[PDB]
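Numbering (our numbering), first residue to last: 222 to 469.
We treat Cβ as the ideally placed atom computed from N, Cα and C, and that holds for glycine.
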Amino acid sequence: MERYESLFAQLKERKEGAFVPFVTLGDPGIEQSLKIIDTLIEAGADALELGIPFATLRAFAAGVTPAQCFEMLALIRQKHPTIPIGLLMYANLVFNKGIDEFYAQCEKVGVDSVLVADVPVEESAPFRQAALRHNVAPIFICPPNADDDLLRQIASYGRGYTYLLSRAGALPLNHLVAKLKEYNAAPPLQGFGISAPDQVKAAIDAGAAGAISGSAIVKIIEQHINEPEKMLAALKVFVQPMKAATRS
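Now the structure itself:
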């Protein structure tokens, strides 16, 4: 079963767009991160975009280990079987534990897609192969100044959805979505600098299938770091308008 494809079909039937929040796995802590994610979903998130972070002092080797992240991912999958889960990270972590072993670990956990930020589409063969091999969808970024060549590649390689970078990352988003559709690329989601409901709305009118937001959610997390109860309430208040802006 392909989550994204299934999700997108349900949205298109309701003339609705997708709101995809982003949050780093483990912020502020494992316990909290899981509760902020439940809330994000409870508030209206159609899919999750999860960031994976990566002997002396207990403040140097801090952070959440890769193992803990996949453990969280598994728990999230268990409680929310249908929601598309895509990861965002750098090649580093994938190399550390082997490419095929990392994508296998994702297939085991249930992530639907992976986006390796620091890897050109030109040298992504080993990543695509390992992803396709484990039913994971390889995701590629599409810059607003991409030439026809790159568009044909990302369209033929990617699955699930394609990441449409904002001009603020250059042609109008309206023009890009058309080329992607012509080449039969996966649905596009805009993702840079969208922190307002009016910005989400514009993305969808321009033809995008959905929008992704990160910073706006992070700020709320750190502005209530020592107020968990109030933090979750502030997240809901922020997501409602964003998701609402995706409706017709």
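Task: contact_flag[the segment 269–281, the segment 318–328] where n(CB pairs < 8 angstroms) is 3 or more - done: Verdict: no, contact absent.
Open item on the list: Using only the alpha-carbon positions, how far apart do residue 219 and residue 394 sit?
Closed with: Residue coverage of the chain in this structure runs from 222 to 469, which leaves residue 219 outside it and unanswerable.
Task: DSSP state of residue 444 mapped onto helix, strand, coil - done: In the structure shown, residue 444 sits in coil (DSSP, three-state: anything other than H, G, I, E or B).
Task: Residues near residue 400 by beta carbon distance below 6 angstroms, same chain, minus five either side - done: Contacts found: 372.
Open item on the list: Within a Cβ cutoff of 7 angstroms, which residues of the same chain sit near residue 364, ignoring the five residues on either side of it in sequence?
Closed with: In the same chain as residue 364, and ignoring 5 residues on each side of it, the C-beta atoms closer than 7 angstroms to its own belong to 386 and 390, in chain order.
Open item on the list: Contact defined as beta carbons within less than 8 angstroms: I believe residue 351 pairs with residue 324. What is the distance between those atoms, to the nearest angstrom?
Closed with: Separation of the CB atoms of residue 351 and residue 324 is rounded to 4 angstroms, and the pair is thereby assigned contact status at 8 angstroms.
Open item on the list: I need the DSSP call for residue 384, collapsed to helix, strand or coil.
Closed with: Here residue 384 sits in strand by DSSP.
Open item on the list: Just to confirm, is the Cβ distance from residue 438 to residue 244 under 8 angstroms?
Closed with: The answer is yes: Cβ separation under 8 angstroms.
Open item on the list: Using 8 angstroms as the threshold, is the C-beta distance between residue 376 and residue 404 below it?
Closed with: Closer than 8 angstroms, so yes.
Open item on the list: What residue range does the beta strand (DSSP E) around residue 278 cover?
Closed with: It is not in any beta strand (DSSP E) - residue 278 carries neither H nor E in the DSSP assignment.
Open item on the list: For residue 432, tell me which candidate among 440, 446 and 417 has the shortest Cα-Cα distance.
Closed with: Comparing Cα-Cα distances from residue 432 to each of 440, 446 and 417, the minimum goes to 417.
- [ ] Spatial neighbours of residue 224 within its chain, please: CB distance less than 6 angstroms, with the 5 preceding and 5 following residues excluded, ordered by chain position.
- [x] Within the same chain, 305 and 333 come within 6 angstroms of residue 224 by CB-CB distance, once the 5 residues on both sides are set aside.
Task: Nearest-angstrom Cα separation, counted from residue 309 out to residue 261 - done: Distance between the alpha carbons of residue 261 and residue 309: 17 angstroms.
Open item on the list: Can you tell me whether residue 383 is buried or exposed? The criterion is at least 16 other CB atoms within 10 Å of its CB, across all chains shown.
Closed with: With 16 or more Cβ atoms within 10 Å of its Cβ, residue 383 is classed as buried.
Open item on the list: Relative to the C-alpha of residue 458, which candidate in 361, 442, 408 and 298 has its C-alpha closest?
Closed with: Among 361, 442, 408 and 298, the Cα nearest to that of residue 458 belongs to 442.
- [ ] Could you say which of 450, 434 and 448 lies nearest to residue 467 if we only look at CA atoms?
- [x] Of the listed residues, the one whose Cα sits closest to residue 467 is 434.
Task: Own chain, CB closer than 7 angstroms to residue 356, minus 5 neighbours either side, in chain order - done: Answer for residue 356: 328, listed in chain order.
TODO: Starting from residue 434, follow its DSSP beta bridges and name the residues at the other end.
DONE: In the DSSP output, where bridge partners are listed per residue, residue 434 has 242.
Task: Nearest-angstrom Cα separation, counted from residue 299 out to residue 451 - done: Straight through space, the alpha carbons of residue 299 and residue 451 are spaced by roughly 26 angstroms.
Task: residue 416: first and last residue of the uninterrupted alpha helix (DSSP H) it sits in - done: Boundaries cannot be given for residue 416, as no alpha helix (DSSP H) includes it and DSSP labels it neither H nor E.
Open item on the list: Can you tell me whether residue 281 is buried or exposed? The criterion is at least 16 other CB atoms within 10 Å of its CB, across all chains shown.
Closed with: Per the 10 Å Cβ criterion, exposed.
Task: Under the three-state DSSP convention, the category residue 257 falls into - done: The three-state secondary structure of residue 257, taken from DSSP, is helix.
Open item on the list: Can you check which of these residues, 285, 226 and 239, is closest to residue 469 by C-alpha distance?
Closed with: It is 239 whose Cα lies nearest to the Cα of residue 469.
Open item on the list: I'd like the list of long-range same chain contacts for residue 455, defined as Cβ closer than 8 angstroms, with 5 residues on each side in sequence excluded.
Closed with: Closer than 8 angstroms at Cβ, skipping near neighbours: 441, 444 and 445.
Task: Counterpart residues of residue 310 in DSSP-defined beta bridges - done: The beta-bridge partner set that DSSP reports for residue 310 consists of 337.
- [ ] Provide the residue(s) that pair with residue 270 in DSSP beta bridges, ordered along the chain.
- [x] Answer is 243 and 307.
Task: Selection from 326, 289, 369 and 427 that minimises the alpha carbon distance to residue 408 - done: Scanning 326, 289, 369 and 427 for the CA closest to the CA of residue 408 turns up 427.
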